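**Student:** Pasting a structure here, questions to come.
Next up, the structure:
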């Protein structure tokens, strides 16, 4: 971390992954269209 | 009322309720309490109903309000609240969150409302309550409207208890060629209507009947009964007679492009002037149709039709029927070869989107009213000079100007400041940027208002503060760079004349102070010119317009102003003592805005933005400019001498009374000058060093800035603890900008001793307070005021010294945390 000491360390903030033995897993918004069930509360579409 | 939020599923019912309540409000035989209750109900409903659902009520108010009669007071308040609440729904391109965005029809209605109210108020006789109610409504509507909104159905002609009055068509005769066209159009309408009944599954029958499903009148023209045929034609004959009534001409000389076979009318194009013709003709049809309902209501004895509002007010869908079928008639005129003449309409059809912009129109009206104001101000001056006892013929215009335009200008150009400062390259506001014409017009407005108020503060009396505030706002909204670089010679000359007049007035004030025209000049200067000039210079410096605006004649006028102020500052008079703060602030802004290093004349040759470079030596001779820049006016010392004198005073430890000029004028000027030229001098972050770069025109450096900051701190420490020093806050505010270039050594050299002295003083005062509290009765009662005063002066000193310390700490904290610093720790302790 490049600016943790200047701001945050004295304020008492802790790095998010400070005591993790493995890197934090991440998810991303894939833009591959996929078929999913129509939500039961969809604002515009209703299936009977 | 709150439950009406989110009732869009019952929009028709809500609209009916709103119209009914409004109609009740406009009710005779209603007591004042009943009317108040109805008005409260209407305002409560409109406070919560969604803006999209109030479109029809707005449409009714567009017609009703501009009359500005007694009934128009409540609608004005309603519109004021509505537009203040929902300005985002109309102004922002995205619209109000979760409420959608306005429509073009709603914006058109809003513009119509604004201009109707504006014109009615302009032509109305003065009424205090009416003006008070109307001004906020105009301000709110203007704030809601987008500055660059362009009306799709713009009308240059701007023609014109609703009385639809169609033109007299029966009286007008019908030509025989137009009768031939009437027959052809009757046949075409027959064909189209026959296509329609074929859709309905109706055919030629013996008699009309819904169950039989056959229309007897539909049949071949040859077998078509003659009696029914002119009945079919009569609408067309009336239409053509109306066209002739409006002096519209058509000459078939040139040519242009049972079984239903109607030729398609959509393929053939339709011109824009032709479209306007169709709009007018459908307007006449709407007039006739509303007249029919008006006769029906008259027979009934009363009542109002829902669709009695004007055709232009009617939204697109309601217009659609008449508009389209008038399109059909005009189109068939075209295929028959009848292209109708425009005249007035075609020489009215002109202009561009820029000229159709709402801000453009508003500024044009403001300039016209500026001309009117000049006229009546000259007349008022004449009557004051002679014939003091009389009644002004321009009472209404004076009152309208003062009580409408000034608040309106102030509010409008406060709201839409960023739109006028935006440029295509850089957009400052949410969206849209003013055109060059709009920028030039706002510049002209500023210059005209300044010229109007010059030497007339007493004449304006109680409105002078309003005029000065408007000038402040206009200056802040001025985009001088574009106007000066590419603008009309008249606008540029207006701005140059403003600057020259300001310099002349300041010179007159300076010489008068050094030692009732004198009183007029003094009051005008100190009340309007110095504040407005300070604001203008600050705006120029903030937006970096100095290199583009202050050149040639403007540069000469700024030279005169700057060094006349500097020369004045040296004198010692009670009036000069009272005036020094304002003069110092003006000089600070001027030094920040000036594009020439006037304290370093020896390096002027390297300055591109200097008159001695832009104007050839043969030039500057028709002007009175001296041969060398050093002689522009020499009374101002050079930078080296100025810094030497400041340091000498600081070391000698002189008090404020021994150098009122320095602290009040010279130090702010240097604090504004040094940061400006540090960026353009050596040591600056070089963007063009790799490429060919001319030598810098200045020698300012972080060394100079640090020396000035040290001297300022030393001066404050010298004057620490005295009874009265009101200049400390001004000096701290002026010196704040230069702190960013302070060196690390300042902490130990200057800041630590000063804060140490302050801490020691605070300790002494708290010890005295403890002794006082230990004391009793009169001993504690008296001396409490003394320690109160000591704490007051201590707080003054702390507020003088702490903003600088805060900036220094902000700039140096990262280094201190990265590397532990005992001096920083000691400062923390103190």
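Chains as they are written, first to last, in the entry's author numbering: chain A, 1212 to 1259; chain D, 2567 to 2726, 2735 to 2831, 2856 to 3113, 3124 to 3438. Note that beta-carbon positions come from the ideal geometry of N, C-alpha and C, so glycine has one too.
#1: Quick check: residue 3392 of chain D and residue 3380 of chain D, are their CB atoms within less than 8 Å of each other?
#2: Would you mind sorting residue 3259 of chain D into buried or exposed? The rule is 16 or more other CB atoms within 10 Å of its CB.
#3: Kindly list, in the order they appear in chain D, the residues whose Cβ is closer than 9 Å to that of residue 1229 of chain A.
#4: Three-state secondary structure (DSSP) at residue 2779 of chain D?
#5: Is there contact between the region 2594-2612 of chain D and the region 2667-2685 of chain D, where contact requires at least three CB pairs shorter than 8 Å?
#6: Alpha carbon to alpha carbon, what distance is there between residue 3286 of chain D and residue 3295 of chain D?
#7: Listing by chain order, which chain E residues have their CB less than 7 Å from the CB of residue 3422 of chain D?
#8: My guess is that residue 3264 of chain D and residue 3354 of chain D are in contact by the Cβ rule of under 8 Å, so how many angstroms apart are they, rounded?
#9: Using CA coordinates, which residue listed in D:2740, D:3386, D:2990 and D:2964 is at the minimum distance from residue 2975 of chain D?
#10: Counting only C-beta atoms, is residue 3426 of chain D closer than 8 Å to chain A at any point?
#11: Within 10 Å of its beta-carbon, does residue 3107 of chain D have 16 or more other beta-carbons around it, so buried, or fewer, so exposed?
#12: What's the gap between the Cα of residue 3133 of chain D and the Cα of residue 3058 of chain D?
#13: For the alpha helix (DSSP H) that residue 3252 of chain D lies in, which residues bound it at each end?
#14: Using DSSP's beta-bridge definition, name the partner residues of residue 3116 of chain D.
#15: Determine the burial state of residue 3302 of chain D: buried for a count of at least 16 other Cβ atoms within 10 Å of its Cβ, exposed for fewer.
#16: Determine the extent of the alpha helix (DSSP H) in which residue 2650 of chain D is found, giving its start and end residues.
#17: Taking the alpha-carbon positions, what's the residue 2922 of chain D to residue 3098 of chain D distance?
#18: Could you tell me the alpha carbon to alpha carbon distance between residue 2889 of chain D and residue 1254 of chain A, rounded to whole angstroms?
#19: Residue 3188 of chain D and residue 3142 of chain D: beta carbons closer than 8 Å?
#20: Would residue 3207 of chain D pass as a contact of residue 3257 of chain D if the rule is Cβ separation under 8 Å?
#21: Out of D:3250, D:3138 and D:3334, which has the shortest C-alpha to C-alpha gap to residue 3313 of chain D?
#22: Do you know how far the Cα of residue 3019 of chain D is from the Cα of residue 3030 of chain D?
#23: Scan the region 3372-3431 of chain D and note each continuous alpha helix (DSSP H) run of 4 residues or more that stays entirely inside, going in chain order.
#24: For my contact list, residue 2903 of chain D and residue 2891 of chain D are in at a C-beta cut-off of 8 Å; report their separation, rounded to the angstrom.
#25: Using three-state DSSP, classify residue 2666 of chain D as helix, strand or coil.
#26: Could you tell me which of D:3219, D:2785, D:2988 and D:3129 sits nearest to residue 3235 of chain D, measuring between CA atoms?
#27: If we ignore side chains and look at the alpha-carbon of each, how far apart do residue 2727 of chain D and residue 3337 of chain D end up?
#28: In angstroms, rounded to a whole number, what distance separates the CA positions of residue 3100 of chain D and residue 2819 of chain D?
#29: Are there 16 or more other CB atoms within 10 angstroms of the CB of residue 3243 of chain D, so buried, or fewer, so exposed?
#30: State buried or exposed for residue 1231 of chain A, treating a residue as buried only when at least 16 other CB atoms are found within 10 Å of its CB.
#31: Taking the alpha-carbon positions, what's the residue 2861 of chain D to residue 2761 of chain D distance?
#32: Please say whether residue 2759 of chain D and residue 2930 of chain D have beta carbons closer to each other than 8 Å?
**Tutor:** Put simply:
#1: Taking 8 Å as the cut-off, the Cβ atoms of residue 3392 of chain D and residue 3380 of chain D count as close.
#2: exposed
#3: Here the premise fails: no neighbours, minimum Cβ distance about 19 Å.
#4: Residue state for residue 2779 of chain D is assigned as coil, using DSSP reduced to three classes.
#5: no
#6: 14 Å
#7: Included in the structure are the protein chains A and D, with no chain E among them.
#8: Residue 3264 of chain D to residue 3354 of chain D, Cβ: 23 Å. No contact.
#9: D:2990
#10: yes
#11: By the neighbour-count rule (16 or more Cβ atoms within 10 Å), residue 3107 of chain D is buried.
#12: 14 Å
#13: 3247-3260
#14: Inspection of chain D shows residue 3113 followed directly by residue 3124; residue 3116 of chain D is thus not represented.
#15: exposed
#16: Segment 2639-2651, the alpha helix (DSSP H) holding residue 2650 of chain D.
#17: Going from the Cα of residue 2922 of chain D to the Cα of residue 3098 of chain D covers about 60 Å.
#18: Approximately 46 Å between the Cα atoms of the pair.
#19: no
#20: No, the pair does not count as a contact, with Cβ atoms beyond the cut-off.
#21: In terms of Cα proximity to residue 3313 of chain D, the closest of D:3250, D:3138 and D:3334 is D:3250.
#22: 10 Å
#23: 3385-3389 and 3392-3426
#24: 5 Å
#25: strand
#26: D:3219
#27: As shown, the structure holds no coordinates for residue 2727 of chain D; chain D passes over it, running from 2726 to 2735.
#28: Each residue's Cα considered, the two are about 59 Å apart.
#29: exposed
#30: exposed
#31: 11 Å
#32: Going by beta carbons, residue 2930 of chain D and residue 2759 of chain D fall inside the 8 Å limit.
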